[PDB]
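Novice: Would you mind keeping the following structure in view while I ask a few things?
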Amino acid sequence: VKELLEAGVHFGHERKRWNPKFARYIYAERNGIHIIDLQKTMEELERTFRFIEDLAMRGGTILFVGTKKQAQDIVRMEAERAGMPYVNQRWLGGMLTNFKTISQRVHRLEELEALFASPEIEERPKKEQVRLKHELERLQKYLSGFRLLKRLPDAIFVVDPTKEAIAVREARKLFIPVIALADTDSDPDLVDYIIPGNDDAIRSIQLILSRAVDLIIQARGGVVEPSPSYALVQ
Amino acid sequence: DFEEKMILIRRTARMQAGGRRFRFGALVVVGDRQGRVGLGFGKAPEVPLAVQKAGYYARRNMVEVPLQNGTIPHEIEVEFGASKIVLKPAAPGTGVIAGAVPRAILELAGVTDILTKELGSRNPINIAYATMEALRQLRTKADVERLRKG
Amino acid sequence: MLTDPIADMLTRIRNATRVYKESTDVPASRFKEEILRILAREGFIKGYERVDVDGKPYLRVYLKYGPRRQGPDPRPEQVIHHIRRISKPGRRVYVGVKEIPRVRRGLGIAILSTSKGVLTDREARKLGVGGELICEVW
RNA sequence: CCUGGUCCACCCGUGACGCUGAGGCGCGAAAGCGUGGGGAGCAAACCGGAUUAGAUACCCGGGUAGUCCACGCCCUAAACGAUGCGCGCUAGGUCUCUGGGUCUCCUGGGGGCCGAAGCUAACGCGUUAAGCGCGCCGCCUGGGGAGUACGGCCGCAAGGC
RNA sequence: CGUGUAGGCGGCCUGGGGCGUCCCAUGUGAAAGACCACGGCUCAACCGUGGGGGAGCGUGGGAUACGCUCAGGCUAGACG
Ligand SMILES: [Mg+2]
Ligand SMILES: [Mg+2]
Ligand SMILES: [Mg+2]
Ligand SMILES: [Mg+2]
Ligand SMILES: [Mg+2]
Ligand SMILES: [Mg+2]
Ligand SMILES: [Mg+2]
Ligand SMILES: [Mg+2]
Ligand SMILES: [Mg+2]
Ligand SMILES: [Mg+2]
Ligand SMILES: [Mg+2]
Ligand SMILES: [Mg+2]
Ligand SMILES: [Mg+2]
Ligand SMILES: [Mg+2]
Ligand SMILES: [Mg+2]
Ligand SMILES: [Mg+2]
Ligand SMILES: [Mg+2]
Ligand SMILES: [Mg+2]
Ligand SMILES: [Mg+2]
Ligand SMILES: [Mg+2]
């Protein structure tokens with residue numbers, strides 16, 4: 001099932017902008033592009049899942065992050081569709097390493113959330129209404145997915161590890177397992193659990209995220225059909 | 001909670017139209033005395049606050065000092081930039097011979113019998129930093145041949 | 001033109017490990033082999049084998065590093081932390097059996113040629129001999 | 001016309017014949033010196049005109065050595081990459097010069113930029129190392145006194161070591 | 001900045017010597033001092049007894065990996 005799916009349109013990516021470390025994970029250079037050895041992707045998808053699963057069936061939460069447009073929305077779905085915190089906008093800094101503080105801006109979102117449905121708005125001049133509204137707007141804007149667990153995720157899954165290296169660093173300094181889907185434009189070594197393959201064409205990102213979140217809920221019960229993906233998918 | 005001894009505190013300063021603002025520094029060590037220690041450097045607008053922050057980072061970053069008889073496993077040398085430190089293990093009943101920096105750090109780490117020499121730059125700060133990486137890199141017959149398995 | 005091939009080899013290795021490479025071919029030599037043998041017989045490598053790069057005989061020498069690590073810079077520790085030649089082509093170093101060094105307090109080794117085979121610190125000290133201190137490894 | 005170094009290709013010849021290098025020898029920008037040519041432009045010195053408190057300067061109009069050639073001296077320099085030479089080893093990205101090939105590619109020498117690892121006091125370096133090693137030479141050991149003094153050697157001198 | 005004299009440094013394998021290098025034995029390395037023990041002066045300082053050491057160097061024997069030397073072969077340096 002996998003072989004044909006992935007190889008269908010979910011392998012081979014970045015070209016001549018590589019990073020030699022990631023060579024063990026490459027077959028050749030067709031028409032310029034670096035086409036990765038999928039066969040090795042499996043033996044690596046395996047162990048990775050072998051880790052996802054050994055966590056799924058022990059109820060430990062995973063922070064997903066994707067801040068790139070080509071892979072944004074598709075992480076807002078698979079995350080809601082597995083009840084896992086995520087970061088879809090600008091992955092602010094020190095979210096993890098400075099947790100006891102960023103959490104002060106989540107406790108600031110629900111500060112407004114509950115003064116939203118209330119008799120206090122009868123007052124509060126228009127200067128505090130456009131304000132307290134907007135403040136909630138953006139508050140909600142970046143913290144749509146970063147609330148769920150008020151606790152450090154026992155892991156983090158992510159698209160382009162070098163794209164969101166900042167985050168990777170935070171986790172790395174906090175002894176947090178790091179899972180992610182890195183192309184050639186990414187250095188293996190500093191990734192605990194590695195998903196080698198495309199990282200831009202929305203194809204491989206939905207095919208790997210899906211079965212990622214599909215292996216999530218296969219240790220909780222609720223085996224369903226795939227989640228929203230096609231609406232303008234090419 | 002561990003021991004927590006204070007190495008040195010200094011008043012630095014910067015410039016700005018009107019006069020010179022300030023800041024104080026705190027280099028601090030910490031250790032139960034079982035083989036656990038941590039070095040921490042703390043800067044803050046006031047003496048006490050700085051000394052506080054000291055211990056906080058101190059505990060944050062700590063190391064497993066593999067003692068032995070109350071001394072140390074092997075002899076090592078480490079350079080931290082311009083400052084170099086020599087740690088050489090002594091027989092029971094010798095003393096902890098070192099400067100205030102390396103001694104302090106070495107006491108709470110446990111050691112009672114150690115020969116030390118402070119070469120290179122003797123920048124208090126940097127000597128400390130150096131002393132740690134020394135310990136950090138300490139091995140026992142165990143974790144030695146534990147790597148020569150195969 | 002390589003002044004001292006041995007000190008070369010050692011360095012070849014020293015440079016290899018620094019980035020954790022699989023094997024490295026130092027040009028072949030009975031004495032180098034002899035030395036290499038003691039890196040394997042004592043376990044600083046998986047070992048070595050004879051090879052060829054156009055009628056030209058090097059030695060494939062497979063390194064040996066530690067376990068991957070938690071935290072940042074996950075790079076493993078190394079079996080060969082520190083290797084450096086003692087006796088040199090411009091300052092030959094010899095030792096009676098009583099003078100023989102005690103590397104890294106028993107934890108390390110000091111390879112060294114002799115009239116009865118390339119021994120090591122323990123190996124010579126016990127065999128009851130001395131000879132040209134060749135290098136120190138740990 | 002005469003002549004040096006140098007890269008590539010073919011794997012043909014020699015069979016370690018190598019690396020370095022105290023002293024020695026050769027070369028060594030400009031200015032400078034000797035003898036003899038040459039002399040348009042430029043231009044120390046020098047002369048005026050301005051500016052200026054003054055203006056032995058800056059700017060302006062003049063202008064001599066010199067700048068050029070031959071032969072012979074002089075031997076300095078921010079003579080700079082302020083980085084001695086040779087060899088091995090340690091990611092790559094990019095553009096550029098110039099060789100060779102069953103030439104969208106590959107490989108060899110060279111000139112650059114960003115950069116692994118690593119070094120670094122920092123700035124920065126980074127297969128054109130300031131990384132990792134070996135060989136051999138040169139050199140440093142607080143500032144001023146002083147590259148002065150004395151002696152010595154060299155030079156016509158100026159002066160050099 | 002080159003060139004190169006002496007000198008320092010020397011690629012792969014085989015054999016001979018065994019010069020450096022390595023080991024053993026033996027002579028030597030006075031005594032005093034020093035260091036370890038034991039006692040004499042009431043302790044000590046001083047002082048006596050015994051023991052254990054000392055590189056070096058001479059002599060006899062042994063070893064031959066690395067350096068050297070003589071002998072043989074090779075082509076990865078270097079030259080053509
Ligand atoms: Mg240093
Ligand atoms: Mg022939
Ligand atoms: Mg030369
Ligand atoms: Mg000249
Ligand atoms: Mg001239
Ligand atoms: Mg003239
Ligand atoms: Mg004029
Ligand atoms: Mg004129
Ligand atoms: Mg220049
Ligand atoms: Mg030179
Ligand atoms: Mg080039
Ligand atoms: Mg650069
Ligand atoms: Mg390069
Ligand atoms: Mg003085
Ligand atoms: Mg001077
Ligand atoms: Mg002068
Ligand atoms: Mg004179
Ligand atoms: Mg010569
Ligand atoms: Mg002999
Ligand atoms: Mg005596």
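To be explicit about the labels: the chains of the structure tokens are called A, B, and onward in the order shown, and within each one the residues are counted from 1, while ligands get numbers from 1 in the order they are shown.
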With a distance threshold of 8 Å and counting only C-alpha atoms (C1' of nucleotides), extract the residues of chain D near chain A and express them as a ChimeraX atom specification.

Specialist: /D:91-93

Novice: Within 10 Å of ligand 10, counting only C-alpha atoms (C1' of nucleotides) and all ligand atoms: which residues, as a list in words?

Specialist: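 Checked against 10 Å with only C-alpha atoms (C1' of nucleotides) and all ligand atoms; the hits are residues 20, 21, 84, 85, 136, 137 and 138 of chain D.
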
Novice: Include C-alpha atoms (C1' of nucleotides) and write out the residues we just selected as a PDB file, in the first residue's frame.

Specialist:
ATOM      1  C1'   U D  20      64.441  21.984   4.378  1.00  0.00           C
ATOM      2  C1'   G D  21      68.227  24.991   4.498  1.00  0.00           C
ATOM      3  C1'   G D  84      58.131  30.858   5.895  1.00  0.00           C
ATOM      4  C1'   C D  85      58.532  26.362   2.717  1.00  0.00           C
ATOM      5  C1'   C D 136      63.404  21.883   8.496  1.00  0.00           C
ATOM      6  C1'   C D 137      64.522  27.330   8.698  1.00  0.00           C
ATOM      7  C1'   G D 138      63.643  32.296  10.500  1.00  0.00           C
TER       8        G D 138
END

Novice: Per residue of chain D within 12 Å of chain B, what are the shortest atom pair and its distance in Å to one decimal, counting only C-alpha atoms (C1' of nucleotides), with rows by chain and residue number, as a tab-separated table?

Specialist:
residue	atom	partner	partner_atom	distance
D:119	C1'	B:81	CA	10.3
D:120	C1'	B:81	CA	8.3
D:121	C1'	B:82	CA	6.9
D:122	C1'	B:81	CA	10.6

Novice: If you keep N, CA and C atoms (P, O5', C5', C4', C3', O3' and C1' of nucleotides), can you produce a file of those selected residues as a PDB file, in the first residue's frame?

Specialist:
ATOM      1  P     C D 119      38.115  23.350  18.729  1.00  0.00           P
ATOM      2  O5'   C D 119      39.102  24.358  18.014  1.00  0.00           O
ATOM      3  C5'   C D 119      40.491  24.103  17.964  1.00  0.00           C
ATOM      4  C4'   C D 119      41.207  25.213  17.255  1.00  0.00           C
ATOM      5  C3'   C D 119      41.269  26.544  17.991  1.00  0.00           C
ATOM      6  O3'   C D 119      42.309  26.588  18.964  1.00  0.00           O
ATOM      7  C1'   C D 119      40.619  26.893  15.741  1.00  0.00           C
ATOM      8  P     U D 120      42.084  27.318  20.384  1.00  0.00           P
ATOM      9  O5'   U D 120      41.763  28.811  19.963  1.00  0.00           O
ATOM     10  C5'   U D 120      42.678  29.535  19.176  1.00  0.00           C
ATOM     11  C4'   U D 120      42.131  30.869  18.761  1.00  0.00           C
ATOM     12  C3'   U D 120      41.440  31.685  19.826  1.00  0.00           C
ATOM     13  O3'   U D 120      42.335  32.252  20.760  1.00  0.00           O
ATOM     14  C1'   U D 120      40.292  31.868  17.761  1.00  0.00           C
ATOM     15  P     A D 121      42.326  31.726  22.268  1.00  0.00           P
ATOM     16  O5'   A D 121      41.880  33.011  23.079  1.00  0.00           O
ATOM     17  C5'   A D 121      40.564  33.120  23.592  1.00  0.00           C
ATOM     18  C4'   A D 121      40.186  34.555  23.833  1.00  0.00           C
ATOM     19  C3'   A D 121      39.433  35.241  22.700  1.00  0.00           C
ATOM     20  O3'   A D 121      38.037  34.966  22.720  1.00  0.00           O
ATOM     21  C1'   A D 121      41.213  36.619  23.402  1.00  0.00           C
ATOM     22  P     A D 122      37.372  34.024  21.592  1.00  0.00           P
ATOM     23  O5'   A D 122      36.579  35.069  20.692  1.00  0.00           O
ATOM     24  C5'   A D 122      35.669  35.983  21.283  1.00  0.00           C
ATOM     25  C4'   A D 122      35.987  37.405  20.904  1.00  0.00           C
ATOM     26  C3'   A D 122      35.857  37.738  19.426  1.00  0.00           C
ATOM     27  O3'   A D 122      34.532  38.058  19.053  1.00  0.00           O
ATOM     28  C1'   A D 122      37.938  38.496  20.212  1.00  0.00           C
TER      29        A D 122
END

Novice: Quick check for you: according to DSSP on this backbone, which residues of region 23-135 of chain A are classed as alpha helix (DSSP H)? Reply as a compact mmCIF listing (two decimals) with N, CA and C atoms, in the first residue's frame.

Specialist:
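Heads up, here's the output in states.txt:
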# COMPACT_ATOMS: atom_id res chain seq x y z
N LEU A 38 13.30 5.95 -1.28
CA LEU A 38 12.08 5.70 -0.50
C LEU A 38 12.22 4.44 0.34
N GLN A 39 12.81 3.40 -0.25
CA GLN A 39 13.05 2.14 0.44
C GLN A 39 13.60 2.36 1.85
N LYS A 40 14.52 3.31 1.97
CA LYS A 40 15.10 3.61 3.26
C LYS A 40 14.12 4.45 4.07
N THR A 41 13.26 5.19 3.38
CA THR A 41 12.22 5.97 4.03
C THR A 41 11.32 5.08 4.87
N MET A 42 10.99 3.91 4.32
CA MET A 42 10.15 2.95 5.02
C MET A 42 10.79 2.51 6.32
N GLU A 43 11.99 1.95 6.21
CA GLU A 43 12.72 1.44 7.37
C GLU A 43 12.88 2.53 8.43
N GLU A 44 12.63 3.77 8.01
CA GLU A 44 12.69 4.95 8.86
C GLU A 44 11.30 5.42 9.27
N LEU A 45 10.32 5.23 8.39
CA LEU A 45 8.93 5.49 8.74
C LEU A 45 8.55 4.51 9.84
N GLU A 46 9.06 3.28 9.70
CA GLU A 46 8.83 2.21 10.65
C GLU A 46 9.16 2.66 12.06
N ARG A 47 10.45 2.60 12.39
CA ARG A 47 10.96 3.01 13.69
C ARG A 47 10.27 4.27 14.22
N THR A 48 10.06 5.25 13.34
CA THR A 48 9.38 6.49 13.73
C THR A 48 8.00 6.18 14.31
N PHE A 49 7.18 5.49 13.52
CA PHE A 49 5.89 5.02 13.99
C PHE A 49 6.05 4.14 15.23
N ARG A 50 6.97 3.19 15.17
CA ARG A 50 7.33 2.37 16.32
C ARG A 50 7.46 3.21 17.59
N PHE A 51 7.74 4.50 17.40
CA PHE A 51 7.86 5.45 18.50
C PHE A 51 6.56 6.22 18.73
N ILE A 52 5.93 6.65 17.64
CA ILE A 52 4.64 7.31 17.72
C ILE A 52 3.68 6.42 18.51
N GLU A 53 3.54 5.19 18.03
CA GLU A 53 2.64 4.18 18.60
C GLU A 53 2.92 3.88 20.07
N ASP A 54 4.19 3.67 20.41
CA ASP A 54 4.59 3.39 21.79
C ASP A 54 4.33 4.59 22.69
N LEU A 55 3.87 5.69 22.09
CA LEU A 55 3.50 6.88 22.84
C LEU A 55 1.99 7.08 22.79
N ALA A 56 1.42 6.81 21.62
CA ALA A 56 -0.02 6.90 21.45
C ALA A 56 -0.74 6.00 22.45
N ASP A 73 -2.34 24.62 6.63
CA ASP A 73 -3.69 24.12 6.87
C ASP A 73 -3.70 22.63 7.21
N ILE A 74 -2.92 21.84 6.47
CA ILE A 74 -2.90 20.38 6.62
C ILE A 74 -2.33 19.91 7.96
N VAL A 75 -1.99 20.85 8.82
CA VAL A 75 -1.54 20.50 10.15
C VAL A 75 -2.56 21.04 11.16
N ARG A 76 -3.41 21.94 10.70
CA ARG A 76 -4.51 22.43 11.52
C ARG A 76 -5.62 21.39 11.56
N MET A 77 -5.72 20.60 10.49
CA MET A 77 -6.68 19.50 10.43
C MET A 77 -6.22 18.32 11.28
N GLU A 78 -5.21 17.61 10.78
CA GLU A 78 -4.70 16.40 11.41
C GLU A 78 -4.44 16.54 12.90
N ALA A 79 -4.38 17.77 13.38
CA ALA A 79 -4.13 18.04 14.79
C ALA A 79 -5.44 18.10 15.57
N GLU A 80 -6.39 18.87 15.05
CA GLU A 80 -7.74 18.91 15.60
C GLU A 80 -8.31 17.51 15.54
N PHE A 99 8.19 28.47 28.96
CA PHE A 99 6.80 28.04 28.99
C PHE A 99 5.98 28.75 30.05
N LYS A 100 6.53 28.83 31.26
CA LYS A 100 5.87 29.47 32.39
C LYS A 100 5.48 30.93 32.12
N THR A 101 5.72 31.40 30.89
CA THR A 101 5.45 32.79 30.54
C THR A 101 4.51 32.90 29.34
N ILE A 102 4.80 32.16 28.28
CA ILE A 102 3.93 32.15 27.12
C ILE A 102 2.55 31.66 27.54
N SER A 103 2.54 30.78 28.53
CA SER A 103 1.30 30.28 29.11
C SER A 103 0.54 31.39 29.80
N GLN A 104 1.23 32.50 30.08
CA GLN A 104 0.60 33.67 30.65
C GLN A 104 -0.23 34.42 29.60
N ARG A 105 0.06 34.15 28.33
CA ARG A 105 -0.72 34.73 27.24
C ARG A 105 -1.85 33.81 26.77
N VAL A 106 -1.82 32.56 27.22
CA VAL A 106 -2.96 31.65 27.06
C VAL A 106 -3.97 31.95 28.16
N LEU A 109 -5.81 34.63 27.03
CA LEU A 109 -6.84 34.39 26.03
C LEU A 109 -8.16 34.05 26.71
N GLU A 110 -8.10 33.19 27.72
CA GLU A 110 -9.30 32.80 28.44
C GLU A 110 -9.75 33.89 29.41
N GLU A 111 -8.88 34.85 29.69
CA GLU A 111 -9.27 36.02 30.45
C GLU A 111 -10.31 36.81 29.67
N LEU A 112 -10.14 36.85 28.35
CA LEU A 112 -11.05 37.56 27.47
C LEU A 112 -12.21 36.64 27.08
N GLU A 113 -11.90 35.36 26.90
CA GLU A 113 -12.89 34.36 26.52
C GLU A 113 -14.11 34.40 27.44
N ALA A 114 -13.87 34.63 28.73
CA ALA A 114 -14.92 34.58 29.74
C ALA A 114 -15.50 35.96 30.06
N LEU A 115 -14.78 37.01 29.69
CA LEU A 115 -15.34 38.34 29.79
C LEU A 115 -16.02 38.68 28.46
N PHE A 116 -16.04 37.69 27.57
CA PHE A 116 -16.72 37.83 26.28
C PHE A 116 -18.23 37.68 26.44
N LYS A 126 -15.94 52.45 24.07
CA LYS A 126 -15.58 51.92 22.75
C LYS A 126 -14.06 51.77 22.57
N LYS A 127 -13.30 52.44 23.44
CA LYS A 127 -11.84 52.37 23.43
C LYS A 127 -11.32 51.04 24.00
N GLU A 128 -12.14 50.39 24.82
CA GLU A 128 -11.77 49.11 25.42
C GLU A 128 -12.48 47.95 24.72
N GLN A 129 -13.44 48.28 23.86
CA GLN A 129 -14.22 47.27 23.14
C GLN A 129 -13.50 46.86 21.86
N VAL A 130 -13.11 47.83 21.05
CA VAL A 130 -12.30 47.56 19.86
C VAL A 130 -10.97 46.97 20.29
N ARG A 131 -10.49 47.42 21.45
CA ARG A 131 -9.25 46.94 22.03
C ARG A 131 -9.36 45.49 22.49
N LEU A 132 -10.18 45.27 23.51
CA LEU A 132 -10.31 43.95 24.13
C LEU A 132 -10.79 42.90 23.11
N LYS A 133 -11.44 43.37 22.05
CA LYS A 133 -11.84 42.50 20.95
C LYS A 133 -10.61 42.09 20.15
N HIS A 134 -9.91 43.09 19.63
CA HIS A 134 -8.68 42.88 18.86
C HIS A 134 -7.68 42.03 19.65
N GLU A 135 -7.43 42.42 20.90
CA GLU A 135 -6.50 41.69 21.76
C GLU A 135 -6.85 40.21 21.78

Novice: At what distance in Å, to one decimal, does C1' of residue 27 (chain D) lie from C1' of residue 1 (chain E)?

Specialist: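 Computed distance, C1' of residue 1 (chain E) to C1' of residue 27 (chain D), equals 7.6 Å.
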
Novice: Using only C-alpha atoms (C1' of nucleotides) and all ligand atoms, determine which residues fall within 12 Å of ligand 7, then list them as an MDAnalysis selection string.

Specialist: chainID D and resid 42:44 46:49 58:63

Novice: Could those residues be written to a file, using N, CA and C atoms (P, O5', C5', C4', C3', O3' and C1' of nucleotides), as a PDB file, in the first residue's frame?

Specialist:
ATOM      1  P     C D  42      52.582  70.428 -17.359  1.00  0.00           P
ATOM      2  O5'   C D  42      53.057  69.214 -16.432  1.00  0.00           O
ATOM      3  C5'   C D  42      52.116  68.386 -15.764  1.00  0.00           C
ATOM      4  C4'   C D  42      52.795  67.441 -14.798  1.00  0.00           C
ATOM      5  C3'   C D  42      53.415  68.072 -13.563  1.00  0.00           C
ATOM      6  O3'   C D  42      52.470  68.324 -12.549  1.00  0.00           O
ATOM      7  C1'   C D  42      54.948  66.556 -14.515  1.00  0.00           C
ATOM      8  P     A D  43      52.524  69.691 -11.725  1.00  0.00           P
ATOM      9  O5'   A D  43      53.710  69.429 -10.683  1.00  0.00           O
ATOM     10  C5'   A D  43      53.911  68.148 -10.107  1.00  0.00           C
ATOM     11  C4'   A D  43      55.339  67.964  -9.625  1.00  0.00           C
ATOM     12  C3'   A D  43      55.983  69.160  -8.930  1.00  0.00           C
ATOM     13  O3'   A D  43      55.575  69.306  -7.573  1.00  0.00           O
ATOM     14  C1'   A D  43      57.492  68.300 -10.521  1.00  0.00           C
ATOM     15  P     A D  44      56.213  70.459  -6.638  1.00  0.00           P
ATOM     16  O5'   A D  44      57.435  69.722  -5.971  1.00  0.00           O
ATOM     17  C5'   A D  44      58.272  70.393  -5.061  1.00  0.00           C
ATOM     18  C4'   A D  44      58.959  69.420  -4.151  1.00  0.00           C
ATOM     19  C3'   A D  44      59.938  70.021  -3.169  1.00  0.00           C
ATOM     20  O3'   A D  44      59.308  70.530  -2.011  1.00  0.00           O
ATOM     21  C1'   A D  44      60.979  68.246  -4.280  1.00  0.00           C
ATOM     22  P     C D  46      62.670  75.890  -0.385  1.00  0.00           P
ATOM     23  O5'   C D  46      62.908  76.762  -1.695  1.00  0.00           O
ATOM     24  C5'   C D  46      64.216  77.153  -2.084  1.00  0.00           C
ATOM     25  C4'   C D  46      64.193  77.943  -3.363  1.00  0.00           C
ATOM     26  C3'   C D  46      63.141  79.027  -3.443  1.00  0.00           C
ATOM     27  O3'   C D  46      63.506  80.204  -2.759  1.00  0.00           O
ATOM     28  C1'   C D  46      63.043  77.759  -5.388  1.00  0.00           C
ATOM     29  P     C D  47      62.377  81.221  -2.252  1.00  0.00           P
ATOM     30  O5'   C D  47      61.766  81.796  -3.615  1.00  0.00           O
ATOM     31  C5'   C D  47      62.531  82.649  -4.457  1.00  0.00           C
ATOM     32  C4'   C D  47      61.691  83.257  -5.556  1.00  0.00           C
ATOM     33  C3'   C D  47      60.370  83.874  -5.122  1.00  0.00           C
ATOM     34  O3'   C D  47      60.522  85.181  -4.614  1.00  0.00           O
ATOM     35  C1'   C D  47      60.017  82.505  -7.023  1.00  0.00           C
ATOM     36  P     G D  48      59.473  85.762  -3.557  1.00  0.00           P
ATOM     37  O5'   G D  48      58.687  86.821  -4.415  1.00  0.00           O
ATOM     38  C5'   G D  48      57.287  86.892  -4.331  1.00  0.00           C
ATOM     39  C4'   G D  48      56.644  86.726  -5.674  1.00  0.00           C
ATOM     40  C3'   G D  48      55.145  86.797  -5.665  1.00  0.00           C
ATOM     41  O3'   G D  48      54.687  88.125  -5.620  1.00  0.00           O
ATOM     42  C1'   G D  48      55.809  84.925  -6.914  1.00  0.00           C
ATOM     43  P     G D  49      53.787  88.613  -4.389  1.00  0.00           P
ATOM     44  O5'   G D  49      52.336  88.609  -5.044  1.00  0.00           O
ATOM     45  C5'   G D  49      52.139  88.125  -6.377  1.00  0.00           C
ATOM     46  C4'   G D  49      50.744  87.586  -6.564  1.00  0.00           C
ATOM     47  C3'   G D  49      49.854  87.636  -5.337  1.00  0.00           C
ATOM     48  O3'   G D  49      49.313  88.929  -5.104  1.00  0.00           O
ATOM     49  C1'   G D  49      49.669  85.513  -6.338  1.00  0.00           C
ATOM     50  P     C D  58      51.245  74.012  -0.701  1.00  0.00           P
ATOM     51  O5'   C D  58      49.739  73.582  -0.432  1.00  0.00           O
ATOM     52  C5'   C D  58      49.404  72.236  -0.108  1.00  0.00           C
ATOM     53  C4'   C D  58      48.039  72.154   0.527  1.00  0.00           C
ATOM     54  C3'   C D  58      46.878  72.652  -0.327  1.00  0.00           C
ATOM     55  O3'   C D  58      46.372  71.653  -1.183  1.00  0.00           O
ATOM     56  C1'   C D  58      46.746  73.601   1.835  1.00  0.00           C
ATOM     57  P     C D  59      46.680  71.715  -2.741  1.00  0.00           P
ATOM     58  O5'   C D  59      45.967  73.070  -3.194  1.00  0.00           O
ATOM     59  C5'   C D  59      44.596  73.081  -3.551  1.00  0.00           C
ATOM     60  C4'   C D  59      44.159  74.421  -4.088  1.00  0.00           C
ATOM     61  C3'   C D  59      44.944  74.965  -5.271  1.00  0.00           C
ATOM     62  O3'   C D  59      44.538  74.414  -6.510  1.00  0.00           O
ATOM     63  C1'   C D  59      44.701  76.654  -3.648  1.00  0.00           C
ATOM     64  P     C D  60      45.569  74.341  -7.737  1.00  0.00           P
ATOM     65  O5'   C D  60      45.845  75.879  -8.061  1.00  0.00           O
ATOM     66  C5'   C D  60      44.796  76.730  -8.508  1.00  0.00           C
ATOM     67  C4'   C D  60      45.315  78.085  -8.919  1.00  0.00           C
ATOM     68  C3'   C D  60      46.568  78.086  -9.777  1.00  0.00           C
ATOM     69  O3'   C D  60      46.292  77.855 -11.139  1.00  0.00           O
ATOM     70  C1'   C D  60      46.830  79.632  -8.019  1.00  0.00           C
ATOM     71  P     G D  61      47.318  77.024 -12.033  1.00  0.00           P
ATOM     72  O5'   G D  61      48.318  78.154 -12.526  1.00  0.00           O
ATOM     73  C5'   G D  61      47.828  79.430 -12.924  1.00  0.00           C
ATOM     74  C4'   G D  61      48.954  80.391 -13.225  1.00  0.00           C
ATOM     75  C3'   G D  61      50.249  79.772 -13.738  1.00  0.00           C
ATOM     76  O3'   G D  61      50.222  79.443 -15.118  1.00  0.00           O
ATOM     77  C1'   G D  61      50.767  81.230 -11.992  1.00  0.00           C
ATOM     78  P     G D  62      51.346  78.473 -15.720  1.00  0.00           P
ATOM     79  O5'   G D  62      52.686  79.208 -15.272  1.00  0.00           O
ATOM     80  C5'   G D  62      53.964  78.601 -15.449  1.00  0.00           C
ATOM     81  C4'   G D  62      55.076  79.509 -14.969  1.00  0.00           C
ATOM     82  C3'   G D  62      56.449  78.869 -14.848  1.00  0.00           C
ATOM     83  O3'   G D  62      57.148  78.851 -16.063  1.00  0.00           O
ATOM     84  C1'   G D  62      55.943  79.970 -12.840  1.00  0.00           C
ATOM     85  P     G D  63      57.648  77.467 -16.665  1.00  0.00           P
ATOM     86  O5'   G D  63      58.820  77.072 -15.683  1.00  0.00           O
ATOM     87  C5'   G D  63      59.767  78.035 -15.254  1.00  0.00           C
ATOM     88  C4'   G D  63      60.557  77.523 -14.082  1.00  0.00           C
ATOM     89  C3'   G D  63      61.089  76.093 -14.225  1.00  0.00           C
ATOM     90  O3'   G D  63      62.349  76.029 -14.870  1.00  0.00           O
ATOM     91  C1'   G D  63      59.915  76.312 -12.182  1.00  0.00           C
TER      92        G D  63
END

Novice: Identify, counting only C-alpha atoms (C1' of nucleotides) and all ligand atoms, the protein, DNA and RNA residues located within 12 Å of ligand 13, and give them as number ranges by chain.

Specialist: D: 91-94, 112-116, 126-129

Novice: When the cut-off is 12 Å and we count only C-alpha atoms (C1' of nucleotides), which residues of chain C are near chain E, given as a PyMOL selection string?

Specialist: chain C and resi 1-6+27-32+34-35+52-58+87-98+100+111-119+124-125+127-134

Novice: Which one is closest to chain C: D:135, D:32, D:108, D:81? Count only C-alpha atoms (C1' of nucleotides).

Specialist: D:135

Novice: What residues of the protein or nucleic acid chains come within 9 Å of ligand 4 when you use only C-alpha atoms (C1' of nucleotides) and all ligand atoms? Reply as a PyMOL selection string.

Specialist: chain D and resi 28-30+74-76

Novice: I need the residue nearest chain C from this list: B:66, B:89, B:18, B:31. Use only C-alpha atoms for the distance.

Specialist: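 Using only C-alpha atoms, the shortest distance to chain C belongs to B:89.
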
Novice: Check every protein, DNA and RNA residue against ligand 2, keep those with an atom at most 9 Å away (counting only C-alpha atoms (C1' of nucleotides) and all ligand atoms), and present them as a list in words.

Specialist: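 I would give the residues around ligand 2 as residues 14 and 15 of chain D; 74 of chain E.
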
Novice: Select, as a PDB file with C-alpha atoms, in the first residue's frame, those residues of chain C with any atom no more than 9 Å from chain A (distances computed using only C-alpha atoms).

Specialist:
ATOM      1  CA  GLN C  70      20.148  13.317  24.493  1.00  0.00           C
ATOM      2  CA  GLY C  71      20.120  17.118  24.561  1.00  0.00           C
ATOM      3  CA  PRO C  72      21.653  19.425  21.947  1.00  0.00           C
ATOM      4  CA  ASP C  73      24.669  18.307  19.904  1.00  0.00           C
ATOM      5  CA  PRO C  74      23.364  14.712  20.016  1.00  0.00           C
ATOM      6  CA  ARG C  75      26.649  13.581  18.454  1.00  0.00           C
TER       7      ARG C  75
END

Novice: Rounded to one decimal place, report the CA of residue 207 (chain A)-CA of residue 188 (chain A) distance in Å.

Specialist: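 Value for the CA of residue 207 (chain A)-CA of residue 188 (chain A) distance: 20.7 Å.
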